[PDB]
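pasting the sequence and an experimental structure:
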Amino acid sequence: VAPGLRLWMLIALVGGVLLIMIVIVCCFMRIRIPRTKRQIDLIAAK
Amino acid sequence: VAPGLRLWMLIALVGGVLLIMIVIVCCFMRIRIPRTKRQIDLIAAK
Amino acid sequence: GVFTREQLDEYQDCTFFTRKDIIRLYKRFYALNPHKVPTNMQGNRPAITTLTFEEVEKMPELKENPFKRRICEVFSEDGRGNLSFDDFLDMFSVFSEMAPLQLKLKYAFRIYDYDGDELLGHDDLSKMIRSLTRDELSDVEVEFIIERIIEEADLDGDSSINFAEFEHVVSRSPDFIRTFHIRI
Amino acid sequence: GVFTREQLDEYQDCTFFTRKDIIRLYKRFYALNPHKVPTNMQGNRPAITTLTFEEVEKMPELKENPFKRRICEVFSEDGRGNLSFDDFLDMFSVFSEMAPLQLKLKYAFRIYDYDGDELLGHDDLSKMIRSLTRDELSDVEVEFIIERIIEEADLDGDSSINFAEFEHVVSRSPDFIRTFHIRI
Amino acid sequence: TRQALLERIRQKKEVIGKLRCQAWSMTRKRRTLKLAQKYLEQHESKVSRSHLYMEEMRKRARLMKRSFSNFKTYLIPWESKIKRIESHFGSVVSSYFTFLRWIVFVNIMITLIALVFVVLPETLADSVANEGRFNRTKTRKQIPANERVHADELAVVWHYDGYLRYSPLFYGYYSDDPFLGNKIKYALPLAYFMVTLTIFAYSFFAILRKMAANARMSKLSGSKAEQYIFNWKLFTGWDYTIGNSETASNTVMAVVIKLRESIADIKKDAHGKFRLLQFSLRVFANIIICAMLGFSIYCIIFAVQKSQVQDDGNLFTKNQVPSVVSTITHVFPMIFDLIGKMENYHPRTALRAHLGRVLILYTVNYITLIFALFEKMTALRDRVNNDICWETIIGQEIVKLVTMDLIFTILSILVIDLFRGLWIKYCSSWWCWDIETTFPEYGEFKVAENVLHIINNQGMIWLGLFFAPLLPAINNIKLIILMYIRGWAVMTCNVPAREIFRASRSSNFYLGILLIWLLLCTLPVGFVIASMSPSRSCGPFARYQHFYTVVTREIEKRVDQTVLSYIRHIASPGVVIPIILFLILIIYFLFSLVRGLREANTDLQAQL
Amino acid sequence: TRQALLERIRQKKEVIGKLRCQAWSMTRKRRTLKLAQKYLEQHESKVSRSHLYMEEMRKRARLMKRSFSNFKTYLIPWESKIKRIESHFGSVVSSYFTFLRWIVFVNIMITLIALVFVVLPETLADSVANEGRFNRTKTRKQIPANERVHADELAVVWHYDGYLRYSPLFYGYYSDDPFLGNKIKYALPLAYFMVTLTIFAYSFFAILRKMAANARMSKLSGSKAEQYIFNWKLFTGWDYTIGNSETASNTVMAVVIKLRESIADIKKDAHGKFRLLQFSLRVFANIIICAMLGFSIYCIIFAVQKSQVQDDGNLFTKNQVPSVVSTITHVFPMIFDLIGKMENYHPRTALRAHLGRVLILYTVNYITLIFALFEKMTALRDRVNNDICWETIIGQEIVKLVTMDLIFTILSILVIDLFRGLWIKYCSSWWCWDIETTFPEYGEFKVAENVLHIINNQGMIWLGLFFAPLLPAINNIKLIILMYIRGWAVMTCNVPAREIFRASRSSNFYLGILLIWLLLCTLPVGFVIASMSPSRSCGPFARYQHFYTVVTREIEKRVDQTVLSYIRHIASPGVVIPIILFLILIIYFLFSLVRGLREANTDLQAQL
Ligand SMILES: CC(C)CCC[C@@H](C)[C@H]1CC[C@H]2[C@@H]3CC=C4C[C@@H](O)CC[C@]4(C)[C@H]3CC[C@]12C
Ligand SMILES: CC(C)CCC[C@@H](C)[C@H]1CC[C@H]2[C@@H]3CC=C4C[C@@H](O)CC[C@]4(C)[C@H]3CC[C@]12C
Ligand SMILES: *[C@@H]1O[C@H](CO)[C@@H](O)[C@H](O)[C@H]1NC(C)=O
Ligand SMILES: *[C@@H]1O[C@H](CO)[C@@H](O)[C@H](O)[C@H]1NC(C)=O
Ligand SMILES: CCCCCCCCCCCC
Ligand SMILES: CCCCCCCCCCCC
Ligand SMILES: [Ca+2]
Ligand SMILES: [Ca+2]
Ligand SMILES: [Ca+2]
Ligand SMILES: [Ca+2]
Ligand SMILES: [Ca+2]
Ligand SMILES: [Ca+2]
């Protein structure tokens, strides 16, 4: 509605629900970005 | 001379010279009033 | 009600574990082998339920320890090759953070020797070095290490370290309590 | 000018005594026997001027000491039965209040033994007890005392006290420096 | 008879107590327990009624303690998470998480202390406020209708103005009424002052108790330690917590390197070298560090000075003091690390120097910010003079600083750990240089830097809790978010360090830094309480000329004037200075005792 | 080359320095000295000019130190007297005389400090005083012609009135002129204040230096001592100083008794006994001691209060406060001793209890007298208000107290030692009971009581030297008289004690008591300087509203006002209290460290 008195609530709500979904999703999976030294050595050799 | 204004100087001077004589005399002799335990035992036995 | 009130009472007096810790340890023991661990163990059942050394060594806590076999042997009962629930409890209560420094020192000394003559000789120290290092040191390197260890940690000139000398030396290290610890 | 500048310089470097103390000690040494002590002693004369043990023991400082003979023997030179001016200076500089605790401990240990084997055995301690006490203790009493002394002041189980153990034991007594002191 | 009974009871009690701390088998322990129980049962009919009552009370106390412990272990959170972090990364990384959990517990206790006696009674009084109290507190508990329209503007809210300024979070919200109401007679200003003092007292007590438990009851024998290099690097060379294969291999390599370097150092024992280039680099680095410290001081002072407006002249520039300080707090350390590359030496002393520089920077920024804030508030109060509320303003600055610090910590975690790790993973094949095998790498957990972050935040909380009663309540949420995000970052993005060192290798190192920070933070609160005068239009102390007057006015109401005049004279400077001299003298005596004991121990070790 | 030369120089220097402390023969020492000298001569042409200059300067410093020591040993008195006392009575009796000689030296140094900068410049200015200065100082340096007739009356003189009141001995004699005169420009009030501060600073420094020399440099290894009963009672069982036959026999008997009682105690090891009569006697004695302490307080307060006159109303009653306090100080100890007979136990703890009671009595009398004197001066100043000179009055009270203390000490020495000894010698044959073989005896030297007398007198001197600049100058004569009379009394009347014990068996016991007394005496001087206001008609501080104003007025004349206002805020109570807390915290840390070191040492001793 309002550009300076209502837009920020909408943006904050969108960000909050997106962050809640991201946190819930990331609480059910076990990402491991780095690779082990064995994989690094294998890549370097090849 | 004076009873309350000069007698005390005379008494103090007499005492001072007497004390000086006593100190000088007692600085030239080696009085030892107590007696040894051997003398005490000898007196007690006799 | 896997354990009665008196069983948990005795466990709490003997060990450093509360009822929740005892239940969690029992759950882990059952998970190690559901078939060999009876669900109901009221009475003298814990003293008679045993698991093989390999099965206990399969757990993640002891999987990567170089001295896993030594720990299992030290904390086992008179039976050889078998570990009971009571021995399991004793092992994971000794390693706890609530255990005192003296108990940890005693059991660390008992672990670090192999023959079992209450003395840390040249052979035992060499075995420990080749186990911890994974044979990544030269023979001269290793021998120099045991030479230093024996010469700087001996008071009777016996070329062997007794329990008293071991405690006096390694109880002043600030990293023994931090390292000699297994969370469970 | 009994002593030259260099003689007093050497005396001050070696001992804890200033020129006034050296002069006073020389005066006392001359007073011990005017005939045997030359008035002029420039050069090597102090090393060759000697007095008998009894004459030195006649002085009031050492007259009532039970260990006067032991002190004279310990501080004497290779000559037996004779004490020189240099040995006299060494003796009365060791006993001074300016001497350090280590020197006093070394010379006290050297005094307290009799055979001269750097060890305080049962016989030496018994002799010291019968000298200090003046044979006013029963044989059982004396033996009990040496038993206590040897058992509570021995680390190698040799039944004898070496210099290191003697120093470690009696250097923590607050009355050693206070007592082991002769003013002159 | 009686003596034998006492000896038997003492022996049984000692055996039962020591049963757990004994290196015995379980069967032997159970046999000893049954034997002791049977002996006690036999000896029960040996003593009189008083001994039986004493034994019964002791047994009841022991049983109640055991039951309380059993209940307490059900309320300890983050055990599986800390266990996983320990097993994957080691027992030195998890020390930070255990420290953070203890800090969370302490902050929760402080929150309860400040919430039971201050926030809750005031809120209850507000709920039942009559016409008189409503009229008396409208000027401080109701937002004016002129400003109420602008209560939410993404800038009024972000600056804790509007509805937040008239909330129980700030000092100016509380009323001046001596009594909350009838049938209760609760003194709110006295509760405020006593709660502020009690929070600091409890913080001191908790830190000291933790230090004593960690040192006196655990490592009291560690004093006067020497040599034992190979013994300490071999007998304590394996972390039993580690349960990962890669971490185990890293530990094996680290212990091999440690032994090899120790032997290499002990072999040659030759140290001869002098290069002018290295000395020039070292002095240049130590000079640019001081230049950057001065630049940080100048930036903090400039940022505080530029925020010279109290009215809503502008807000995109007034918020530059939280964005600047936080920036330094989060950006200067890494730059320091880079400078540490120029000064190449032993990694342990390099870490110690880095910690010293970071601590000096933090303390300098703290002092500069405190001085600038106090000077600005004094100048603004003098210029404006109803009267402004400087306590609410200071609380707002502290709260904004804490919020910006949390935001910057989240941003730094996202950038350094997540995005850098993804960039390394997906861009190491075709980069100009091999980033994976070069300086960039994936990232290591900086235990000391993060612990210093925690200590700095706690110092801010301690400093600002007098002006903002609900600051610890917000800090609880901040600490929980910090714990969760740090756990996720270390688990997902970081790799185990190839060789991790310690600044002091002591349990009470970070606790000692925390105690020093607590003293540093209680200095300005004490100055404010003793010297500054409360505002006349806000807060609970608006009726007094001093903050402590609420306490003295009650002390003087129960103590005679003559004895009061007699006790006031002990506070004289000429009596206080000899007390300082006496304390210095006993400190010197204890230091001489410590030096003598150390010398005696060294001499005994050398001789034997 | 250079390293070898440095090693050779260091070895030669170490050998030459350690040559004296080596248990070598004289011939070996001389041979080593000649070898070292030859080696140094050979190595002279090995180094450059800088090393030669350094060696030359070191040699010059050593030679000058040796020459200064040689000159210094010619100015040490009372060596033959102390040697005779040591040889006749032992090395524990002569400790009092060595302590007294050191106290005399310290008092002489204090006298020189207070005489070079205060008394001498003022006297020189008075000698050359012009008409203006004479007019300005007539009211304080000239006795009025009304009172000049009564200047000597055996009561005006005995009370230090008349000519003594207008003498450099008292505070009111000194003038208010900021400068003594032309071409000198000597500030007398500043010199007065700085000399008063410097005397206390030097006293602290001297006591601490003596303590460090006695403990740190001599008995640093005595810490953490245990058992060694027979070793300590046999290897240190003979006093080498003793050179008398009777004293030697007494020492032999004492060592025999010591060994016998030690063995008897170690044999039975049985302690079972409970008599109601002994407990009743002990509690009764401990009650009458407290009753006598309260009676002493009441007597001191009554004596001070009765001296409520400032004009010459009467003088035979005004002099009752020096005659009462001294009486207690000299009569209560012996009564205490008699009470110690009722409380029969271990002689060592009996001596310790007696020392504790005497110290408590002395401190209580000190505090009561100070409080009563200050209250009386305040009341008199309020009643009388040119203005009176309370500083001169306080100085007069202190000087009269010291003089009466000396008189009472002389009387007690004459009565207890001389007359009692003569009575025993000439009246033991036909007395009712054998006094020679009973409690009366001849008399033993009380080392602790006499040392406490010395410490109490020195405390009075420290307290009263601000109001009486020439108090230490008189105390020098008092101490010399005391030394001579005590030596004569111990030589002529006393007999060696059959068995003499020590309260603490520590070198720094009496020095520690002296330091505690110095702090206790600097408390009220500090209060006077910080709080009380100078008189407007006497002294050098009559132009200021405070005693310290002469210092601050000069500090403010060289320091800007802004920085001054900034530094004054550190003196705030809210900043001072955290400093006290920090000092208490570091004291706690050092105490915990000491306890841990002691526990570790005990555990190591028990294990090995
Ligand atoms: C650790 C906890 C218990 C500390 C809480 C702070 C304490 C010291 C504070 C909070 C509430 C306060 C009380 C609140 C109300 C009253 C009634 C008033 O007529 C007298 C003071 C009195 C009795 C206060 C005394 C101090 C007090 C008890
Ligand atoms: C241990 C000794 C040296 C301490 C003696 C006290 C010292 C601190 C006192 C005594 C004499 C004093 C000086 C006397 C005269 C002057 C001249 C005046 O225009 C400025 C102060 C000055 C320079 C004084 C400074 C302080 C002073 C030096
Ligand atoms: C509250 O204050 C207002 C001020 O105008 C007054 O009119 C009203 O009567 C007051 N009501 C009360 C006393 O609660
Ligand atoms: C001293 O003071 C007197 C006071 O009457 C005065 O008459 C005289 O002139 C003064 N002389 C000086 C200034 O020395
Ligand atoms: C990983 C364990 C999660 C369960 C514990 C959650 C507790 C969160 C709040 C803790 C502080 C009150
Ligand atoms: C017995 C020795 C007498 C010689 C020394 C006398 C010195 C008296 C004055 C000492 C203080 C200045
Ligand atoms: Ca073995
Ligand atoms: Ca061994
Ligand atoms: Ca022998
Ligand atoms: Ca031996
Ligand atoms: Ca943070
Ligand atoms: Ca006296």
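Noted; the coordinates are in hand. Residues are numbered from 1 along each chain as shown, chains lettered A, B, ... in the order given. Ligands and ions are numbered 1, 2, ... in the order given.

excluding its backbone neighbours, what's nearest the residue of the stretch 351-500 of chain E found nearest chain C?
Nearest residue of the stretch 351-500 of chain E to chain C (CB to the nearest CB) works out as residue E:500 at 11.7 Å. For the C-beta atoms, the positions are set from N, CA and C on the backbone; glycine is no exception. The shortest distance from residue E:500 to any non-neighbouring residue, by CB to CB, 6 or more residues apart in numbering or on different chains, is to residue E:92 (5.7 Å).

so the one you found sits against residue E:502, correct?
Yes. Between residue E:92 and residue E:502 there is a contact at 7.0 Å, judged by CB atoms under 8 Å.

now do the strands in the chain.
Assuming you mean chain A. Read by DSSP state E, chain A holds no strands at all.

wait, chain C was what I had in mind.
Taking DSSP E to define them, one finds strands in chain C at C:50-52, C:82-84.

can I get those in CSV including mean neighbour count and distance to residue F:263?
Formatted as CSV, the strands of chain C follow (neighbours: other CB atoms under 10 Å in any protein chain shown; distance: least, CB to CB, whole Å):
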stretch, mean neighbour count, distance to residue F:263
strand C:50-52, 18, 61
strand C:82-84, 21, 57
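
mind putting these into CSV with distance to residue C:179?
Shown next, in CSV, are these (distance: least, CB to CB, whole Å):
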stretch, distance to residue C:179
strand C:50-52, 26
strand C:82-84, 23
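
just so I know, which of those lies nearest ligand 10?
Proximity to ligand 10 (CB to the ion) singles out strand C:82-84 among the strands of chain C, at 49.1 Å.

what helices or strands is the closest one leaning on?
On a contact count with 3 or more CB pairs under 8 Å, 6 or more residues apart in numbering or on different chains; DSSP states H and E, strand C:82-84 meets helix C:45-48, strand C:50-52, helix C:53-57.

give me the sheet partners of it and which way each runs.
strand C:50-52 (antiparallel) (DSSP bridges).

re earlier: which of the helices and strands packed on strand C:82-84 sits most buried?
Of the helices and strands packed on strand C:82-84, the one with the most neighbours on average (mean count of other CB atoms under 10 Å in any protein chain shown) is strand C:50-52, at a mean of 18.

pull the residues that contact it.
Strand C:50-52 has contacts (CB atoms under 8 Å, 6 or more residues apart in numbering or on different chains) with C:29, C:32-33, C:36-37, C:79, C:81-84.

drop anything exposed from the residues you listed.
Among the contacts of strand C:50-52, those scoring as buried are C:29, C:32, C:37, C:82-84 (criterion: 16 or more other CB atoms under 10 Å in any protein chain shown).

closest one to residue B:43 out of those residues, please.
residue C:84 (90.1 Å; CB to CB).

what residues are up against the closest one?
Contacts for residue C:84 (CB under 8 Å, 6+ apart) come out as C:46-51, C:76-77.

got CSV for those, with distance to residue C:131 too?
Formatted as CSV, the contacts of residue C:84 follow (distance: CB to CB, whole Å):
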residue, distance to residue C:131
C:46, 31
C:47, 31
C:48, 32
C:49, 30
C:50, 26
C:51, 23
C:76, 19
C:77, 24
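
give me the residue from chain C nearest ligand 12.
In chain C, the residue that lies nearest ligand 12 is residue C:172 (53.2 Å; CB to the ion).

between the helices and strands packed on strand C:82-84, which one is nearest to residue F:399?
Closest among the helices and strands packed on strand C:82-84, using CB to CB: helix C:45-48, at 88.8 Å.

okay, now the residue of chain A found nearest ligand 9: neighbour count?
In chain A, the residue that lies nearest ligand 9 is residue A:37 (68.4 Å; CB to the ion). Neighbours of residue A:37 under the rule other CB atoms under 10 Å in any protein chain shown: 14.

surely it and residue E:245 touch.
No. Applying CB under 8 Å, one finds residue A:37 not in contact with residue E:245, separated by 10.7 Å.

can I see the domain layout of chain E?
Listed by automatic domain parsing, the domain ranges of chain E are E:2-75, E:80-114+E:189-267+E:392-558, E:560-608.

how near is the residue nearest the centre of chain C to residue C:21?
The centre of chain C sits closest to residue C:71, judged by CA atoms, centre = their mean, with a distance of 3.7 Å. In this structure, residue C:71 and residue C:21 are 19 Å apart, going by CB to CB, to the nearest Å.

fine by me, we can end here.
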